[PDB]
Amino acid sequence: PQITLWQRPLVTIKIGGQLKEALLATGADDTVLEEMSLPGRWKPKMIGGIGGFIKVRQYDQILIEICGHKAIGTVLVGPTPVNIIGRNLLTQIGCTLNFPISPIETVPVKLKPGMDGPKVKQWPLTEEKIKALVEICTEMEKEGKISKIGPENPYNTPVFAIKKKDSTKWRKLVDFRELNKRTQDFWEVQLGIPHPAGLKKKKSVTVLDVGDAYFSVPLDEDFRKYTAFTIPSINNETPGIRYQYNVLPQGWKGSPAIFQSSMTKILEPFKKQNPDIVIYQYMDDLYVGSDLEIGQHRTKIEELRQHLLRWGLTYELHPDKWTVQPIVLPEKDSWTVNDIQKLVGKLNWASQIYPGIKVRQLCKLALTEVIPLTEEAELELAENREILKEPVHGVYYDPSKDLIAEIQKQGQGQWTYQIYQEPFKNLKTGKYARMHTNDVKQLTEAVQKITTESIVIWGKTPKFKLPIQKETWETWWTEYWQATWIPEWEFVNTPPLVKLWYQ
Amino acid sequence: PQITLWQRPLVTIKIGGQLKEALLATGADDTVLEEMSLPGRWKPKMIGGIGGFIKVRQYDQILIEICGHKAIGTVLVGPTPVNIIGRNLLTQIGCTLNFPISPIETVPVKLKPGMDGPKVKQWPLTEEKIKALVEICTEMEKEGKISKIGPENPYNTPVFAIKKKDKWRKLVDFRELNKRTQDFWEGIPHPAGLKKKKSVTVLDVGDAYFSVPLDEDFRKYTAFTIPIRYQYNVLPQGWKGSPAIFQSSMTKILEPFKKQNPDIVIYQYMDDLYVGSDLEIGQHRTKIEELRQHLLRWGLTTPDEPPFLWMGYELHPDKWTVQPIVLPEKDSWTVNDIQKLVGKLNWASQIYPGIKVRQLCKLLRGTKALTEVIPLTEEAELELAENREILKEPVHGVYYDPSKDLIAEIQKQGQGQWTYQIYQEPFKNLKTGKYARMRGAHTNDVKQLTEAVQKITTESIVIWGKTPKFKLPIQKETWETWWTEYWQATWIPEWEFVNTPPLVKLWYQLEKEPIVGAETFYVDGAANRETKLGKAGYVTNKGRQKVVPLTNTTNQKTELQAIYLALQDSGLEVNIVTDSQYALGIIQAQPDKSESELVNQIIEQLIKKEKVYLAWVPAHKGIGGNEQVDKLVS
């Protein structure tokens, strides 16, 4: 039973066939009882208390029933005011000291009403990945970070160990996409207002991982059950070690929500002394921006790292150089009938983006020969070309709806993407290029770069419409992903004309 | 944290800068310290200990950090032998005394929310069998297994008597009980994934479910009446919740023995304990004797050879096989046994593919009675029989040696039939399988090869964990062309071609440049709804055309038909301009099999052509072509 310490923990003990009450003592070495007859020979001994030393008779291997549990141990008979159960008999039972926290009590964590914890089965993993994951997870449990569970917890979220940088050390990720979606209500209680709009203008934004901060702020107990994962074993030989997170997770939506007030305390000196720095955070990462020369930007990066580690926490990204790629139209010296047909087929699609497009002259109509363009078609077409080569119009951000990221392949080591909130009206358009290599790596790098830009510019990961079979992605997406977050993706099985349209 | 009392439970204590350690004393009502730095004023106090009494200096509102937990409380300073953390500061923290555990541990189990069952009136039995029920019950109780609850428990579940052969074995129907149990975590170990071990034995646990205790607090939900209410205290012999807790208990009890013996490898699925080691048999029997004694320690009972029967796989000195799996046969089968035979077929599905019992499962699931002789369908029964006839095939294989790489190989039999031969040495199959089309509507052979590789890789990572080196048949030039030109993203791990008389290739290509002199042919299509009154044709550079009335006129069908009409009357080098994105998309995927003989006719036609080039136009626009039959429908 669990005994509160408001009162003395005396328990019924049976000695030499007798019912009596002995006080369980945690600071008592041996066991001292009242004067009574004990079987076998005894040895004269003395014990020190808070008043001096008393003469006691030592009886070894003596039978005692503590709280109805049999114990055989040395028993000391002496002139003691309180019958006492010492650690010597307490160990035989296995009496233990159990500890709770007084100063810090995790803030409650809640779910959207009528929403159960995530139940998403884990996809298979490679042998080296599981071999390293076991090491990482067991080391974590050795430091008290996670505790193993049985079968009473039906929830589960997938896991995969990755390598973020060139450093030869794996780190695990938990796909909390379902848990973040379920616990979306707990974000509404705490909004980060305002999101920094100055990061969009910085000359250099450095991403510093601050995941380790959450390891010191424990979770509200009733929600611990929801964070469970299984590290499966090859060939399903051993069933699979299922743990629960005791400290806060990394990818959980509330993981920074709990730590927001705690951290901003630590950042107060920094924002106090150099306002031109904009420091903004996401699920695991710290973005620090400074529209300075890179020489001292890198200088304050080091000082920020030292400041963070001093209080116990722990390619380059350039928003200015980021540019919006327009759409261009061919202007061959002598086009042929095929070229006008293709150009019209492309252009009539463009009206869904730039409304001020008129082609009625162009469609005015061999295809082995050139057809010189008519003058009124010339002028109208040029006017349209000017219109197309101008910033997009009548578009802005509605923060009430999520964001959609659509990637389309150009098939020569190049990629193009469109970032939109509603169809035919796109926020950001750009290309990704890297010059014969692997193919899945290209989308994964492209997805990561899209999401980094999206985090900087509108501060949330959009929903992807990937150009790959779901079966293909589910196998080799984790091979080449270096990022703590995970974006929501849906799979596309229709080739449109947009791929030919854009580039 | 939990602290054992084997040595004194000292914890770190910090007094305003001062580091030091104090002894957590449950008996020491007050916290007593040898010294405090610069404490200043203190009221005199008298405290008693074992031997006499002592004057002490009392300090109030002291903020002290004990073992990482803050406490603000009175701290005494006196001539104590050791620093003493009293119950006064212990209650500021949460420290409590846990006392001796009993025998074993019980995994906590709870019901699904918002449920207060179960309750089903047991259809009263008769005395001849009731005698058997009583006889079982008395001995079961004296074994400390099932206890006669108090009549205050209000629930009941049925019990039947079964001969256990095809004599009145006990069974309790937990069909309604399973509907309220909380969910629990529930693959299969393939024979292909057993490493060679020169000494092998398989031990069966002597009904070990009768050794792992069930929740004493959950026992209220598994009563047992004989029409004398009883109650299970260990795992039910048929509860679907039992396997999980049984496996968990087996793991927890095996962990120490495994720990003290890293060399041995121990598996356990249902009742078998596959123990293997490379030690000599003379040594291995002694080590297995150690294993059995340790198993008995925790209350488990162990009952009481070139073949070995492990999980239905027959282990052999250098090979493995599956004991032929067959079913009982009768005109009508016992319903509960049918609930067993579905499980046996389910298990055989992993060993041997081509097993579907979904209809048989539905016929059972809808039915919930035993009094009426349950009718069985002839169609699903014949499906079962034909499935069994295929199930007459002895599998084989050999043990995996990780020192040698896997080498797979796929071969194209025909029209959507493939092979999955896997091996590490020639002519020693590790596992053999077959693959067929999944969509069944539109596909191509190269895409099928890629999908087959994907399936093989998934299965291989499941079984052994390392992806293999495929030996595909396709030519490398063809694979590179298709992967560089196809719109989607596909990868194949390291592989080499292997030359076989059948091979995979892309039959045809669609040209990327319109062809000089080729009779460019314009096509168009439309359809109606009230009477399917839409017609098709083509319009040509010279103006030849034909509109032939069509039945079951459908818009996508018409768009397809427009191309074929022209392709039939076209020579070698052709250009086709179509106003359908859909027809263009279907054609240009370079498919080879489709449910449409119209699509297949186009494929066979286009095979003959030498230079075919397709382009697209916007609809409902005048582009100087189809205007000749723009008036087709309106």
# chains A, B, ... in the order shown; residues from 1 in each chain; ligands from 1
>>> interface_residues(of="chain A", to="chain B", cutoff="7 Å", atoms="only C-alpha atoms", output="PDB file with N, CA, C and O atoms, in the first residue's frame")
ATOM      1  N   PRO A   1       0.835  -1.208   0.000  1.00  0.00           N
ATOM      2  CA  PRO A   1       0.000   0.000   0.000  1.00  0.00           C
ATOM      3  C   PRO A   1       0.873   1.262   0.000  1.00  0.00           C
ATOM      4  O   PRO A   1       2.027   1.172   0.377  1.00  0.00           O
ATOM      5  N   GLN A   2       0.307   2.399  -0.412  1.00  0.00           N
ATOM      6  CA  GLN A   2       1.063   3.678  -0.404  1.00  0.00           C
ATOM      7  C   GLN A   2       0.702   4.422   0.885  1.00  0.00           C
ATOM      8  O   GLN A   2      -0.501   4.640   1.116  1.00  0.00           O
ATOM      9  N   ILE A   3       1.699   4.788   1.695  1.00  0.00           N
ATOM     10  CA  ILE A   3       1.402   5.431   3.011  1.00  0.00           C
ATOM     11  C   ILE A   3       1.790   6.908   2.948  1.00  0.00           C
ATOM     12  O   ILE A   3       2.962   7.190   2.650  1.00  0.00           O
ATOM     13  N   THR A   4       0.845   7.814   3.226  1.00  0.00           N
ATOM     14  CA  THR A   4       1.187   9.261   3.291  1.00  0.00           C
ATOM     15  C   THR A   4       1.963   9.511   4.588  1.00  0.00           C
ATOM     16  O   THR A   4       1.751   8.753   5.552  1.00  0.00           O
ATOM     17  N   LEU A   5       2.799  10.549   4.630  1.00  0.00           N
ATOM     18  CA  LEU A   5       3.664  10.747   5.825  1.00  0.00           C
ATOM     19  C   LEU A   5       3.075  11.794   6.776  1.00  0.00           C
ATOM     20  O   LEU A   5       3.814  12.244   7.677  1.00  0.00           O
ATOM     21  N   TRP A   6       1.799  12.150   6.594  1.00  0.00           N
ATOM     22  CA  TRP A   6       1.137  13.159   7.464  1.00  0.00           C
ATOM     23  C   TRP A   6       1.219  12.637   8.896  1.00  0.00           C
ATOM     24  O   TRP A   6       1.314  13.451   9.831  1.00  0.00           O
ATOM     25  N   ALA A  25      10.481   2.579   9.952  1.00  0.00           N
ATOM     26  CA  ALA A  25      11.469   3.651  10.012  1.00  0.00           C
ATOM     27  C   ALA A  25      12.386   3.618   8.793  1.00  0.00           C
ATOM     28  O   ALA A  25      12.977   2.587   8.476  1.00  0.00           O
ATOM     29  N   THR A  26      12.500   4.754   8.113  1.00  0.00           N
ATOM     30  CA  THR A  26      13.343   4.858   6.928  1.00  0.00           C
ATOM     31  C   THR A  26      14.774   5.236   7.298  1.00  0.00           C
ATOM     32  O   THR A  26      15.721   4.888   6.591  1.00  0.00           O
ATOM     33  N   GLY A  27      14.924   5.950   8.409  1.00  0.00           N
ATOM     34  CA  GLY A  27      16.232   6.374   8.872  1.00  0.00           C
ATOM     35  C   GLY A  27      16.773   5.481   9.971  1.00  0.00           C
ATOM     36  O   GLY A  27      17.710   5.848  10.680  1.00  0.00           O
ATOM     37  N   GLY A  48      23.137   3.845  18.499  1.00  0.00           N
ATOM     38  CA  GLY A  48      23.071   5.292  18.769  1.00  0.00           C
ATOM     39  C   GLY A  48      21.793   5.910  18.240  1.00  0.00           C
ATOM     40  O   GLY A  48      21.414   5.592  17.088  1.00  0.00           O
ATOM     41  N   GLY A  49      21.116   6.720  19.056  1.00  0.00           N
ATOM     42  CA  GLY A  49      19.888   7.397  18.589  1.00  0.00           C
ATOM     43  C   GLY A  49      20.105   8.889  18.662  1.00  0.00           C
ATOM     44  O   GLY A  49      21.248   9.326  18.433  1.00  0.00           O
ATOM     45  N   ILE A  50      19.061   9.666  18.950  1.00  0.00           N
ATOM     46  CA  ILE A  50      19.173  11.151  18.947  1.00  0.00           C
ATOM     47  C   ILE A  50      19.330  11.540  20.417  1.00  0.00           C
ATOM     48  O   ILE A  50      19.416  12.746  20.696  1.00  0.00           O
ATOM     49  N   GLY A  51      19.313  10.549  21.321  1.00  0.00           N
ATOM     50  CA  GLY A  51      19.508  10.832  22.757  1.00  0.00           C
ATOM     51  C   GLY A  51      20.747  10.154  23.368  1.00  0.00           C
ATOM     52  O   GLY A  51      21.120  10.497  24.508  1.00  0.00           O
ATOM     53  N   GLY A  52      21.369   9.230  22.623  1.00  0.00           N
ATOM     54  CA  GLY A  52      22.555   8.510  23.117  1.00  0.00           C
ATOM     55  C   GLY A  52      22.649   7.084  22.618  1.00  0.00           C
ATOM     56  O   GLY A  52      22.227   6.839  21.478  1.00  0.00           O
ATOM     57  N   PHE A  53      23.186   6.177  23.436  1.00  0.00           N
ATOM     58  CA  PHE A  53      23.316   4.748  23.035  1.00  0.00           C
ATOM     59  C   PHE A  53      22.545   3.887  24.033  1.00  0.00           C
ATOM     60  O   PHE A  53      22.565   4.192  25.240  1.00  0.00           O
ATOM     61  N   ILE A  54      21.876   2.837  23.542  1.00  0.00           N
ATOM     62  CA  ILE A  54      21.107   1.928  24.441  1.00  0.00           C
ATOM     63  C   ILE A  54      21.587   0.486  24.263  1.00  0.00           C
ATOM     64  O   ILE A  54      22.022   0.133  23.147  1.00  0.00           O
ATOM     65  N   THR A  80      13.467   0.663  23.796  1.00  0.00           N
ATOM     66  CA  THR A  80      13.087   1.689  22.789  1.00  0.00           C
ATOM     67  C   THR A  80      11.635   2.114  23.006  1.00  0.00           C
ATOM     68  O   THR A  80      10.779   1.235  23.225  1.00  0.00           O
ATOM     69  N   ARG A  87      15.568  -0.564   8.091  1.00  0.00           N
ATOM     70  CA  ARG A  87      15.787  -0.830   6.646  1.00  0.00           C
ATOM     71  C   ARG A  87      16.103  -2.317   6.444  1.00  0.00           C
ATOM     72  O   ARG A  87      15.804  -2.830   5.359  1.00  0.00           O
ATOM     73  N   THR A  91      13.932  -3.800   3.629  1.00  0.00           N
ATOM     74  CA  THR A  91      14.483  -4.314   2.344  1.00  0.00           C
ATOM     75  C   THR A  91      13.887  -5.685   1.993  1.00  0.00           C
ATOM     76  O   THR A  91      13.665  -5.933   0.793  1.00  0.00           O
ATOM     77  N   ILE A  93      10.973  -6.814   2.696  1.00  0.00           N
ATOM     78  CA  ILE A  93       9.644  -6.523   2.183  1.00  0.00           C
ATOM     79  C   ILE A  93       9.996  -5.928   0.820  1.00  0.00           C
ATOM     80  O   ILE A  93       9.479  -6.365  -0.209  1.00  0.00           O
ATOM     81  N   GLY A  94      10.877  -4.930   0.821  1.00  0.00           N
ATOM     82  CA  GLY A  94      11.145  -4.106  -0.343  1.00  0.00           C
ATOM     83  C   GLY A  94      10.548  -2.716  -0.227  1.00  0.00           C
ATOM     84  O   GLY A  94      10.220  -2.089  -1.234  1.00  0.00           O
ATOM     85  N   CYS A  95      10.406  -2.233   1.005  1.00  0.00           N
ATOM     86  CA  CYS A  95       9.852  -0.905   1.248  1.00  0.00           C
ATOM     87  C   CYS A  95      10.643   0.141   0.472  1.00  0.00           C
ATOM     88  O   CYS A  95      11.874   0.130   0.484  1.00  0.00           O
ATOM     89  N   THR A  96       9.938   1.048  -0.197  1.00  0.00           N
ATOM     90  CA  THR A  96      10.607   2.073  -0.990  1.00  0.00           C
ATOM     91  C   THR A  96      10.105   3.496  -0.755  1.00  0.00           C
ATOM     92  O   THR A  96       8.955   3.719  -0.375  1.00  0.00           O
ATOM     93  N   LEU A  97      10.998   4.450  -0.994  1.00  0.00           N
ATOM     94  CA  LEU A  97      10.725   5.874  -0.857  1.00  0.00           C
ATOM     95  C   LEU A  97      10.267   6.303  -2.250  1.00  0.00           C
ATOM     96  O   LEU A  97      10.982   6.082  -3.228  1.00  0.00           O
ATOM     97  N   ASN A  98       9.089   6.911  -2.352  1.00  0.00           N
ATOM     98  CA  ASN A  98       8.550   7.294  -3.686  1.00  0.00           C
ATOM     99  C   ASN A  98       8.425   8.820  -3.794  1.00  0.00           C
ATOM    100  O   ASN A  98       7.907   9.453  -2.865  1.00  0.00           O
ATOM    101  N   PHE A  99       8.976   9.422  -4.849  1.00  0.00           N
ATOM    102  CA  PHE A  99       9.014  10.893  -4.935  1.00  0.00           C
ATOM    103  C   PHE A  99       8.209  11.654  -5.993  1.00  0.00           C
ATOM    104  O   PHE A  99       8.282  11.359  -7.186  1.00  0.00           O
ATOM    105  N   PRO A 100       7.433  12.655  -5.549  1.00  0.00           N
ATOM    106  CA  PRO A 100       6.622  13.531  -6.397  1.00  0.00           C
ATOM    107  C   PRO A 100       7.253  14.923  -6.456  1.00  0.00           C
ATOM    108  O   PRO A 100       8.200  15.174  -5.711  1.00  0.00           O
ATOM    109  N   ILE A 101       6.754  15.814  -7.312  1.00  0.00           N
ATOM    110  CA  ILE A 101       7.352  17.199  -7.383  1.00  0.00           C
ATOM    111  C   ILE A 101       6.499  18.250  -6.653  1.00  0.00           C
ATOM    112  O   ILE A 101       5.255  18.135  -6.709  1.00  0.00           O
ATOM    113  N   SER A 102       7.143  19.242  -6.013  1.00  0.00           N
ATOM    114  CA  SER A 102       6.392  20.322  -5.315  1.00  0.00           C
ATOM    115  C   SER A 102       6.366  21.634  -6.123  1.00  0.00           C
ATOM    116  O   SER A 102       5.245  22.139  -6.346  1.00  0.00           O
ATOM    117  N   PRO A 103       7.510  22.234  -6.552  1.00  0.00           N
ATOM    118  CA  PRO A 103       7.494  23.521  -7.271  1.00  0.00           C
ATOM    119  C   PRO A 103       6.882  23.517  -8.680  1.00  0.00           C
ATOM    120  O   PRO A 103       6.194  24.457  -9.003  1.00  0.00           O
ATOM    121  N   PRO A 124       7.944  -0.266 -41.528  1.00  0.00           N
ATOM    122  CA  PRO A 124       9.163  -1.010 -41.216  1.00  0.00           C
ATOM    123  C   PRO A 124      10.403  -0.141 -41.330  1.00  0.00           C
ATOM    124  O   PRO A 124      10.421   0.865 -42.038  1.00  0.00           O
ATOM    125  N   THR A 126      14.968  -0.015 -41.263  1.00  0.00           N
ATOM    126  CA  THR A 126      16.158  -0.754 -41.647  1.00  0.00           C
ATOM    127  C   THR A 126      16.922  -1.241 -40.425  1.00  0.00           C
ATOM    128  O   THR A 126      16.746  -0.743 -39.316  1.00  0.00           O
ATOM    129  N   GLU A 127      17.791  -2.222 -40.645  1.00  0.00           N
ATOM    130  CA  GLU A 127      18.454  -2.880 -39.527  1.00  0.00           C
ATOM    131  C   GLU A 127      19.363  -1.927 -38.774  1.00  0.00           C
ATOM    132  O   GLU A 127      19.389  -1.938 -37.542  1.00  0.00           O
ATOM    133  N   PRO A 151       0.506  -3.378 -22.741  1.00  0.00           N
ATOM    134  CA  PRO A 151      -0.478  -3.381 -23.825  1.00  0.00           C
ATOM    135  C   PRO A 151      -1.733  -2.579 -23.539  1.00  0.00           C
ATOM    136  O   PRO A 151      -2.582  -2.468 -24.430  1.00  0.00           O
ATOM    137  N   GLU A 152      -1.880  -2.029 -22.337  1.00  0.00           N
ATOM    138  CA  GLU A 152      -3.062  -1.244 -22.021  1.00  0.00           C
ATOM    139  C   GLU A 152      -3.126   0.071 -22.780  1.00  0.00           C
ATOM    140  O   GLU A 152      -4.198   0.683 -22.827  1.00  0.00           O
ATOM    141  N   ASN A 153      -2.027   0.526 -23.368  1.00  0.00           N
ATOM    142  CA  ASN A 153      -2.050   1.746 -24.154  1.00  0.00           C
ATOM    143  C   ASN A 153      -2.201   1.377 -25.614  1.00  0.00           C
ATOM    144  O   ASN A 153      -1.230   0.908 -26.222  1.00  0.00           O
ATOM    145  N   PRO A 154      -3.370   1.576 -26.218  1.00  0.00           N
ATOM    146  CA  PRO A 154      -3.551   1.225 -27.628  1.00  0.00           C
ATOM    147  C   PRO A 154      -3.002   2.251 -28.593  1.00  0.00           C
ATOM    148  O   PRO A 154      -2.829   1.930 -29.777  1.00  0.00           O
ATOM    149  N   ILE A 234      13.121  -6.813 -36.270  1.00  0.00           N
ATOM    150  CA  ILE A 234      13.155  -7.477 -37.555  1.00  0.00           C
ATOM    151  C   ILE A 234      12.417  -8.795 -37.469  1.00  0.00           C
ATOM    152  O   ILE A 234      12.500  -9.519 -36.471  1.00  0.00           O
ATOM    153  N   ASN A 235      11.642  -9.085 -38.510  1.00  0.00           N
ATOM    154  CA  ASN A 235      10.978 -10.369 -38.684  1.00  0.00           C
ATOM    155  C   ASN A 235       9.957 -10.611 -37.586  1.00  0.00           C
ATOM    156  O   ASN A 235       9.454 -11.724 -37.436  1.00  0.00           O
ATOM    157  N   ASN A 236       9.651  -9.574 -36.818  1.00  0.00           N
ATOM    158  CA  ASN A 236       8.686  -9.657 -35.734  1.00  0.00           C
ATOM    159  C   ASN A 236       9.039 -10.794 -34.775  1.00  0.00           C
ATOM    160  O   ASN A 236       8.184 -11.575 -34.355  1.00  0.00           O
ATOM    161  N   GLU A 237      10.322 -10.885 -34.428  1.00  0.00           N
ATOM    162  CA  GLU A 237      10.778 -11.883 -33.469  1.00  0.00           C
ATOM    163  C   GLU A 237      10.413 -11.478 -32.043  1.00  0.00           C
ATOM    164  O   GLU A 237       9.672 -12.189 -31.362  1.00  0.00           O
ATOM    165  N   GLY A 345      -2.001  27.231 -76.751  1.00  0.00           N
ATOM    166  CA  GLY A 345      -2.426  26.265 -75.753  1.00  0.00           C
ATOM    167  C   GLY A 345      -1.882  26.601 -74.382  1.00  0.00           C
ATOM    168  O   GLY A 345      -2.537  26.376 -73.361  1.00  0.00           O
ATOM    169  N   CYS A 363      -5.008  33.651 -82.302  1.00  0.00           N
ATOM    170  CA  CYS A 363      -5.632  32.451 -82.827  1.00  0.00           C
ATOM    171  C   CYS A 363      -6.140  32.630 -84.240  1.00  0.00           C
ATOM    172  O   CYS A 363      -6.968  31.823 -84.674  1.00  0.00           O
ATOM    173  N   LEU A 365      -5.239  31.846 -87.004  1.00  0.00           N
ATOM    174  CA  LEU A 365      -5.238  30.595 -87.748  1.00  0.00           C
ATOM    175  C   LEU A 365      -4.952  29.436 -86.811  1.00  0.00           C
ATOM    176  O   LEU A 365      -3.807  29.046 -86.640  1.00  0.00           O
ATOM    177  N   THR A 368       4.907  22.566 -91.839  1.00  0.00           N
ATOM    178  CA  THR A 368       6.280  22.402 -92.289  1.00  0.00           C
ATOM    179  C   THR A 368       6.963  23.736 -92.537  1.00  0.00           C
ATOM    180  O   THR A 368       8.195  23.790 -92.588  1.00  0.00           O
ATOM    181  N   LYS A 409       7.422  18.209 -61.448  1.00  0.00           N
ATOM    182  CA  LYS A 409       8.761  17.864 -61.901  1.00  0.00           C
ATOM    183  C   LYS A 409       9.002  18.348 -63.321  1.00  0.00           C
ATOM    184  O   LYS A 409       8.114  18.279 -64.171  1.00  0.00           O
ATOM    185  N   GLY A 411      11.999  17.273 -64.888  1.00  0.00           N
ATOM    186  CA  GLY A 411      12.536  16.103 -65.548  1.00  0.00           C
ATOM    187  C   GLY A 411      13.944  16.206 -66.081  1.00  0.00           C
ATOM    188  O   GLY A 411      14.372  15.305 -66.809  1.00  0.00           O
ATOM    189  N   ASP A 439      16.719  10.380 -57.431  1.00  0.00           N
ATOM    190  CA  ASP A 439      15.488  11.098 -57.712  1.00  0.00           C
ATOM    191  C   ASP A 439      14.673  11.396 -56.474  1.00  0.00           C
ATOM    192  O   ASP A 439      14.197  12.514 -56.319  1.00  0.00           O
ATOM    193  N   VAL A 440      14.523  10.430 -55.573  1.00  0.00           N
ATOM    194  CA  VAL A 440      13.755  10.693 -54.369  1.00  0.00           C
ATOM    195  C   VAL A 440      14.455  11.742 -53.526  1.00  0.00           C
ATOM    196  O   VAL A 440      13.800  12.555 -52.865  1.00  0.00           O
ATOM    197  N   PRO A 467       4.427  14.542 -56.232  1.00  0.00           N
ATOM    198  CA  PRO A 467       4.411  13.789 -57.499  1.00  0.00           C
ATOM    199  C   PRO A 467       5.148  12.457 -57.403  1.00  0.00           C
ATOM    200  O   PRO A 467       6.218  12.254 -57.988  1.00  0.00           O
ATOM    201  N   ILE A 468       4.568  11.514 -56.665  1.00  0.00           N
ATOM    202  CA  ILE A 468       5.200  10.221 -56.441  1.00  0.00           C
ATOM    203  C   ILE A 468       4.135   9.279 -55.916  1.00  0.00           C
ATOM    204  O   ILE A 468       3.190   9.703 -55.247  1.00  0.00           O
TER     205      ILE A 468
END
>>> residues_around(residues="residue 159 in chain A", least_positions_apart="5", cutoff="10 Å", atoms="only C-alpha atoms", output="compact mmCIF listing (two decimals) with N, CA, C and O atoms, in the first residue's frame")
# COMPACT_ATOMS: atom_id res chain seq x y z
N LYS A 121 -0.05 2.85 -37.15
CA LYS A 121 0.94 1.79 -37.05
C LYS A 121 2.25 2.19 -37.68
O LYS A 121 2.30 3.02 -38.60
N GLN A 122 3.34 1.61 -37.19
CA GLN A 122 4.66 2.00 -37.62
C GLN A 122 5.09 1.23 -38.87
O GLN A 122 4.91 0.02 -38.96
N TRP A 123 5.66 1.96 -39.81
CA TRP A 123 6.19 1.34 -41.02
C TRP A 123 7.54 0.72 -40.73
O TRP A 123 8.23 1.11 -39.79
N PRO A 124 7.94 -0.27 -41.53
CA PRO A 124 9.16 -1.01 -41.22
C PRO A 124 10.40 -0.14 -41.33
O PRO A 124 10.42 0.86 -42.04
N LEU A 125 11.44 -0.54 -40.62
CA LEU A 125 12.68 0.22 -40.54
C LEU A 125 13.86 -0.65 -40.90
O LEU A 125 13.79 -1.88 -40.85
N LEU A 133 18.49 2.99 -33.05
CA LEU A 133 17.34 3.51 -32.32
C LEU A 133 17.23 2.86 -30.96
O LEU A 133 16.84 3.51 -29.98
N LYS A 172 16.29 10.51 -33.30
CA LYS A 172 14.99 9.96 -33.66
C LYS A 172 13.96 11.06 -33.82
O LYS A 172 14.03 12.11 -33.19
N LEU A 173 12.98 10.79 -34.67
CA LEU A 173 11.85 11.68 -34.87
C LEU A 173 10.57 10.90 -34.63
O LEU A 173 10.50 9.71 -34.92
N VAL A 174 9.57 11.57 -34.10
CA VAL A 174 8.25 10.99 -33.90
C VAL A 174 7.26 11.75 -34.75
O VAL A 174 7.08 12.96 -34.57
N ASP A 175 6.62 11.05 -35.67
CA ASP A 175 5.62 11.66 -36.54
C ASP A 175 4.39 11.94 -35.69
O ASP A 175 3.52 11.08 -35.54
N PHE A 176 4.32 13.13 -35.11
CA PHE A 176 3.17 13.53 -34.32
C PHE A 176 2.15 14.27 -35.17
O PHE A 176 1.41 15.11 -34.65
N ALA A 228 3.03 7.47 -27.23
CA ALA A 228 3.59 6.13 -27.17
C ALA A 228 4.12 5.78 -28.55
O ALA A 228 3.58 6.21 -29.56
N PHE A 229 5.19 5.00 -28.57
CA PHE A 229 5.76 4.56 -29.82
C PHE A 229 6.38 3.18 -29.63
O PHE A 229 6.70 2.78 -28.51
N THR A 230 6.55 2.47 -30.74
CA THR A 230 7.12 1.14 -30.73
C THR A 230 8.29 1.10 -31.70
O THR A 230 8.17 1.52 -32.84
N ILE A 231 9.42 0.57 -31.24
CA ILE A 231 10.59 0.39 -32.10
C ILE A 231 10.59 -1.07 -32.56
O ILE A 231 11.10 -1.93 -31.84
N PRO A 232 10.05 -1.37 -33.73
CA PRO A 232 9.79 -2.77 -34.09
C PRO A 232 11.07 -3.54 -34.33
O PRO A 232 12.13 -2.98 -34.62
>>> residues_around(residues="range 565-572 of chain B", least_positions_apart="2", cutoff="12 Å", atoms="only C-alpha atoms", output="PyMOL selection string")
chain B and resi 515+517-525+535-541+543-550+558-563+574-578+598-599+601-614
>>> closest_residue(among="B:297, B:382, B:214, B:196", to="residue 318 in chain B", atoms="only C-alpha atoms")
B:196
>>> select_by_dssp(residues="range 66-272 of chain A", states="alpha helix (DSSP H)", output="ChimeraX atom specification")
/A:87-93,127-142,177-182,185-188,221-224,254-272
>>> residues_around(residues="residue 404 in chain B", least_positions_apart="2", cutoff="12 Å", atoms="only C-alpha atoms", output="ChimeraX atom specification")
/B:195,399-402,406-407,423-425,466,468-469
>>> write_last_selection(atoms="C-alpha atoms", output="compact mmCIF listing (two decimals), in the first residue's frame")
# COMPACT_ATOMS: atom_id res chain seq x y z
CA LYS B 195 19.78 -18.34 -38.57
CA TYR B 399 18.28 -20.83 -43.18
CA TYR B 400 19.47 -17.26 -43.71
CA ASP B 401 23.18 -16.59 -43.22
CA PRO B 402 23.75 -12.84 -42.83
CA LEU B 406 20.51 -11.74 -50.66
CA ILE B 407 20.08 -11.96 -54.43
CA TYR B 423 18.23 -16.68 -52.60
CA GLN B 424 21.78 -16.35 -51.32
CA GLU B 425 23.28 -19.33 -53.21
CA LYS B 466 18.41 -5.55 -45.48
CA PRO B 468 18.48 -7.16 -51.64
CA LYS B 469 20.27 -6.91 -54.98
